[PDB]
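Working notes, beginning with the structure itself.
As the structure lists them, so they are numbered: ligands from 1, and atoms in each ligand from 1. Reckoned from all heavy atoms, side chains included, excluding hydrogens, waters and symmetry mates. When a residue number appears, it is its place in the shown sequence, counting from 1.
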Amino acid sequence: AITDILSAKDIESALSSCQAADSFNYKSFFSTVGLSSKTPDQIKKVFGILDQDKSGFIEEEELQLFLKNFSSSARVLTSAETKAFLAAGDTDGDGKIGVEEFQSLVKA
Ligand SMILES: [Ca+2]
Ligand SMILES: [Ca+2]
């Protein structure tokens with residue numbers, strides 16, 4: 001579970017911050033839930049959850065459902081938010097986010 005590594009309380013605070021459409025920013029969310037200080041294994045576990053269909057990569061539609069991993073009532077990210085998110089993380093430009101890229105994003 002995601003709460004195996006992250007505090008439900010931190011998650012609540014991160015979600016309340018980005019309730020408005022187009023308010024989302026991965027750097028703010030990542031710090032509020034406390035991803036920045038996690039180890040490779042912990043980051044890999046979080047990645048595995050975000051990779052909802054277990055394909056090994058986080059594709060665009062999964063970035064769309066980014067908040068849904070933290071709360072089933074959370075909103076879907078907008079196309080703009082998703083586009084910017086993917087733009088930030090997709091280093092090699094294959095259109096998706098792999099574990100190495102996710103790690104880099106967390107430790108940036
Ligand atoms: Ca996937
Ligand atoms: Ca990529």
Side chains of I43 and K107 in contact at under 4.5 Å (non-hydrogen atoms): yes
Residues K96, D90: salt bridge by 4.0 Å N-O rule: no
Under 3.5 Å: donor-acceptor pair, side chain of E81, backbone of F24: yes
Polar side-chain atom of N69 near backbone of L65 as donor-acceptor pair, under 3.5 Å: yes
The Ca ion (ligand 1) to [X]: nearest N/O/S atom name:
| X | result |
| --- | --- |
| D51 | OD1 |
| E59 | OE1 |
| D53 | OD1 |

ILVMFWY network linking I58 to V99, side-chain heavy atoms under 4.5 angstrom: yes
N, O or S atom of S55 closer to the Ca ion (ligand 1) than 3.0 Å: yes
Exercise: identify the closest heavy-atom pair between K68 and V76: CE-CG2, 3.8 Å
Step-by-step side-chain contact (heavy atoms from CB on, under 4.5 Å) determination, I11 to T3: CA-CA 9 Å; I11 291 171; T3 50; 4.3 Å; yes
is_close_aromatic(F70, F29), centroid dist under 6.0 Å: yes
Polar protein atoms (N, O or S) that approach the Ca ion (ligand 2) to under 3.0 Å: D90 OD1, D92 OD1, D94 OD1, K96 O, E101 OE1, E101 OE2
